[PDB]
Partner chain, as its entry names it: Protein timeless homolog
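The chain below stands alone, shown as structure tokens; this is the form solved without its partner chain.
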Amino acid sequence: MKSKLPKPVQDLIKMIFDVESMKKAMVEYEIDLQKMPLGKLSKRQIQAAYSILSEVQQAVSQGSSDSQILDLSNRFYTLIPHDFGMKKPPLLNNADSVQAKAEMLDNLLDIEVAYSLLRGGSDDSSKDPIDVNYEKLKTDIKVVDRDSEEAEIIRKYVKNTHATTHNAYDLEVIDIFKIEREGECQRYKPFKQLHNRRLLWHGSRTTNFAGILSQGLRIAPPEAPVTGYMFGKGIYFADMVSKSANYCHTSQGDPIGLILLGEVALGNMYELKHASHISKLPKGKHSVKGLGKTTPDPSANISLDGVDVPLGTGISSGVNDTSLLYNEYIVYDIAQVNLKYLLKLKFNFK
């Protein structure tokens, strides 16, 4: 049979299950595709690589000998083979090196999820492969009509919350998808009664979306290094589309990105101006709000189905004694997020 899914949904499935994009991402990370093909990637190996990186992070802060750091570096490259070619393997002896490798592992974890979903399941012929891969996402995906009131609100949110400092590109909404992850409604239900529910942005690389749709937004595993997380291991969101759009890591070569709109149950926010490098919340607080110098104009805030949409144009906040240019929101429980929309964006670079 032929797929009855709308063309934009079919194009989304092709985009998130693109094997060539998975291979190109591994080539960019300088992974040796002969020693470590896409089909050889495993959960166990990525888990053990995170543990090695945490040992490196501990050794660097402890002030361990260069011989122990070299041994941990060598063990990491043995577990994740790299092909540097003309270069000596960079030593993992600083915070920047461990963070670049932890970023690679986060992306490899979701690439492994996408490839294992794609290669799994009943390899029959009765159903269209696009329908088969659609079902592997365990997510209901519907197209939001361009002429709808919903689409108008979302386009206004994209237009008004583009930061002045992120002038490398213009954003254009291609498609708006309404999404419903299986079991997420039931999971979110206890938090639906928490106050201060906001519709916020979450950007990520396109190669992570098969993992995000099938498993939802997740928190970094305990084995992962604690470094590089301004407010600890949690799920981070922005109220400025361009702050999250930067995490799509789109380029002139591939200017099509995916961004989420999630309803997040913030409750009582723990308002911070500087890095806390801690995941523990004070009693009675349900989230962290990192305070930026620029905030969406609160007078243009709208309430949609009991959820605040801060689609106001970026104005000065009043805080100048902060390390953040824009706000960010962090929750430490995966159940405090209900994914609502998925946008396909065109990045028009200057």
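Positions refer to the first chain, counted from 1.
Another form, the form solved in complex with its partner chain, is not on view; read the next lines as being about it.
Hey, in the deposited complex, is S125 touching its partner chain, heavy atoms inside 4.5 Å?
Contact check for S125: no, nothing within 4.5 Å of its partner chain in the deposited complex.
Quick one: is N268 in contact with its partner chain in the deposited complex, heavy atoms, 4.5 Å cut-off?
Yes - in the deposited complex, heavy atoms of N268 and its partner chain come within 4.5 Å of each other.
Using the partner position in the deposited complex, report whether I174 sits within 4.5 Å of its partner chain, counting heavy atoms only.
Because no heavy atom of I174 falls inside 4.5 Å of its partner chain in the deposited complex, the answer is no.
Find out whether any non-hydrogen atom of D18 is located within 4.5 angstroms of its partner chain in the deposited complex, and reply yes or no.
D18: no, not in contact with its partner chain in the deposited complex.
From the candidate stretches 129-137, 255-263, 145-153, 191-199, select the single one in contact with its partner chain in the deposited complex, where contact means a heavy atom within 4.5 Å.
The contacting stretch here is 191-199.
Scan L117, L108, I219, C248 and let me know which has any heavy atom within 4.5 Å of its partner chain in the deposited complex.
Checking each option against its partner chain in the deposited complex, the one that comes within 4.5 Å is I219.
Are all three of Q186, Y332 and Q336 close to its partner chain in the deposited complex, meaning a heavy atom of each within 4.5 Å?
Yes: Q186, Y332 and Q336 each sit within 4.5 Å of its partner chain in the deposited complex.
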